[PDB]
Amino acid sequence: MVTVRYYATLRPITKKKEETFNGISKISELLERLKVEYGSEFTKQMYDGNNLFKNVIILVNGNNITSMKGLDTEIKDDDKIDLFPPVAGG
């Protein structure tokens, strides 16, 4: 199982702070999963202006993906993802 943390508008969107997931082993599939599971309400609540994911900040197993991989980023055995609100959001 993989643990995911919410800090951005996603928190008040799902009414939670932490939850587990299964089936996701990559960031690319993870992000797309959030928009689907949470629906458009999440994508819109996060989309401020034009783009959001382009500024979105996600930490994989405690580390920025920008300093490694973009959408092909993978998670470690630890399985831990963090979602924070981008400078464009809010």
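Its PDB header names solution NMR as the technique used to obtain the model.

This entry appears in the Protein Data Bank under the title "Solution Structure of TA0895".

### Regarding the sheet that holds strand β3 (residues 57–60)
Taken together, the four strands give an open sheet; going across it, the order is β2-β1-β4-β3, and neighbouring strands pair in mixed fashion. Edge positions in the open sheet fall to β2 (18–21) and β3, since each of these has one partner strand only. The sheet shows a mean angle of 20° between the axes of neighbouring strands, direction not considered. Sheet topology note: the strand β1 (residues 2–6)/β2 ladder contains four bridges and is antiparallel. Paired with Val4 across the two strands is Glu19, which belongs to β2. Of the strands in this sheet, β2, β3 and β4 (80–84) are in contact with helix α2 (residues 27–37), which crosses β3 at around 125°.

Rules used in this analysis
- Residues numbered from 1 in each chain as written, not as in the entry; some residues may be left out.
- Heavy atoms only, no water.
- Pairing = 2+ DSSP bridges.
- Helix = DSSP H or I, 4+ residues; strand = E, 2+ residues; numbered from the N terminus.
- Axes fitted to C-alpha atoms, helices over the stretch in contact; angles between N-to-C directions.
- Contact = heavy atoms within 4.5 Å.

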